[PDB]
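One structure is given below, encoded as structure tokens.
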Amino acid sequence: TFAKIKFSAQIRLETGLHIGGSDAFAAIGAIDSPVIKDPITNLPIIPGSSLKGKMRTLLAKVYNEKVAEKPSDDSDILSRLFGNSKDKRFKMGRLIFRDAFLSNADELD
RNA sequence: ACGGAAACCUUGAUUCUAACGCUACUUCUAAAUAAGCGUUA
């Protein structure tokens with residue numbers, strides 16, 4: 001059965017978040033450590049690469065049953081969802097992450 | 001059988017050290033617990 005399930009949620013920060021972007025890329029920021037933003041709305045975002053990497057690192061301490069010096073000698077559980085470039089049968093995972101844009105700018109205003 | 005696959009803008013950092021809400025200034029100035037004894041008898 002070919003289906004696609006979509007875990008949707010609202011990530012509410014409970015402390016200040018600093019994902020951090022390049023100084024000249026996310027606009028020229030006067031501050032020394034700017035956060036990553038949307039190139040048009042100039043609102044902070046949570047890129048899907050951030051969530052994917054942090055989730056893979058966290059589940060790499062639980063569902064690995066061993067240690068890995070690279071994200072290639074990983075468990076089948078992590079490879080099947082996030083992907084492994086050197087494995088033929090998991091060259092792309094079953095999880096697709098998305099950028100998380102600001103959703104409550106009205107409420108903040 | 002998508003110039004594509006895999007990749008945390010990440011690790012370590014105390015908005016901290018020093019500093020008397022302090023110096024000067026009389027609750028003070030005059031003041032008898034005292035005055036009046038009528039008229040009748």
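All chains are named by letter (A, B, ...) in the order of the sequence lines, taking the proteins before the strands, and each is independently numbered beginning at 1.
Nucleotides B:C37 and B:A41, compared at atom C1', are 16 Å apart to the nearest Å. B:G21 sits 22 Å from B:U17 when the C1' atoms are compared, rounded to a whole Å. Look at the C1' atom in both B:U10 and B:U14: the space between them is 22 Å, to the nearest Å. With both ends at atom P, the span from B:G36 to B:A32 equals 16 Å, rounded to whole Å. Here the separation of B:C8 from B:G4, taken at their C1' atoms, is 22 Å to the nearest Å.
When hydrophobic clusters are built by joining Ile, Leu, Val, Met, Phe, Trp and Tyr residues whose side-chain heavy atoms come closer than 4.5 Å, directly or via intermediates, A:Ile19 is grouped together with A:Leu13.
Here B:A7 presents its P atom at 10 Å from CE of A:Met92, a figure rounded to the nearest Å. Taking atom CG on A:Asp87 and atom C1' on B:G4, their separation rounds to 17 Å, with Å as the unit. Between A:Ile96 atom CD1 and B:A5 atom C1' there is a gap of 12 Å when expressed in whole angstrom units. Protein atom CG of A:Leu81 is 12 Å distant from nucleotide atom P of B:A7, rounded to whole Å. Atom P of nucleotide B:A7 and atom NZ of A:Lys54 are separated by 15 Å, given to the nearest angstrom. Rounded to a whole Å, the CD1 atom of A:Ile19 is 13 Å from the P atom of B:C8. Rounded to whole Å, atom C1' of B:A7 lies 13 Å from atom CZ of A:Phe97. For A:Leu59 and B:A6, the CG to P distance is 17 Å, given to the nearest whole Å.
For B:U29, the sign convention on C1'-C2'-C3'-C4' gives a north pucker, since the angle is positive. When the pucker is read from the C1'-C2'-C3'-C4' torsion, the sugar belonging to B:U26 turns out south, on the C2'-endo side. In B:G21, the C1'-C2'-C3'-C4' torsion is negative, which places the sugar in the south family. The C1'-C2'-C3'-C4' torsion of B:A7 is negative, which assigns its sugar to the south, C2'-endo side. Judged by the sign of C1'-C2'-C3'-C4', the furanose ring of B:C22 adopts a north, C3'-endo-like conformation.
Annotation for A:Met55 and A:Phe97: closest pair SD-CE2, 3.4 Å, computed over non-hydrogen atoms.
In this structure, the side chain of A:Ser103 engages the main chain of A:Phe101 through a donor-acceptor pair within 3.5 Å. Side chain of A:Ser50 to main chain of A:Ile46: no donor-acceptor pair is present (N/O by atom type, distance under 3.5 Å, no hydrogens or angles). Judged purely by atom type and a 3.5 angstrom limit, A:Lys52 uses its side chain to pair as donor or acceptor with the backbone of A:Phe82.
Residue A:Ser49 has a polar side-chain atom (N or O) positioned under 4.0 Å from OP1 or OP2 of B:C9. Contact check, A:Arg56 against B:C8: no side-chain N or O comes under 4.0 Å of OP1 or OP2. Taking side-chain N and O atoms only, A:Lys52 has a distance below 4.0 Å to OP1 or OP2 of B:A7. For B:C9, one of the phosphate oxygens OP1 or OP2 lies less than 4.0 angstrom from a side-chain nitrogen or oxygen of A:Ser50.
A:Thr41 pairs by the side chain to side chain contact (heavy atoms under 4.5 Å, CB included) definition with A:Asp38, A:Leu43, not counting sequence neighbours.
Relative to the side chain of A:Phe82, the nucleotides B:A7, B:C8, B:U10 differ in distance, and B:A7 lies closest.
Here B:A31 is in the anti range [glycosidic angle more than 90° from 0]. For B:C25, the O4'-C1' to base torsion is more than 90° from 0; the nucleotide is therefore anti.
Side-chain contact between A:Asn64 and A:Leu78 is present, with heavy atoms from C-beta onward closer than 4.5 Å. Annotation: side chain of A:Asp73 is not in contact with side chain of A:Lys70 (no heavy-atom distance under 4.5 Å).
Stacking between B:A30 and B:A31 holds, as the six-membered ring centres sit under 5.5 Å apart and the ring planes differ by under 30°.
In the region residues 4-14 of chain A, proximity to RNA chain B at under 4.0 angstrom, judged on heavy atoms, holds for none of the residues.
A salt bridge is absent between A:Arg80 and A:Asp74; no separation between the charged side-chain nitrogens and carboxylate oxygens falls under 4.0 Å.
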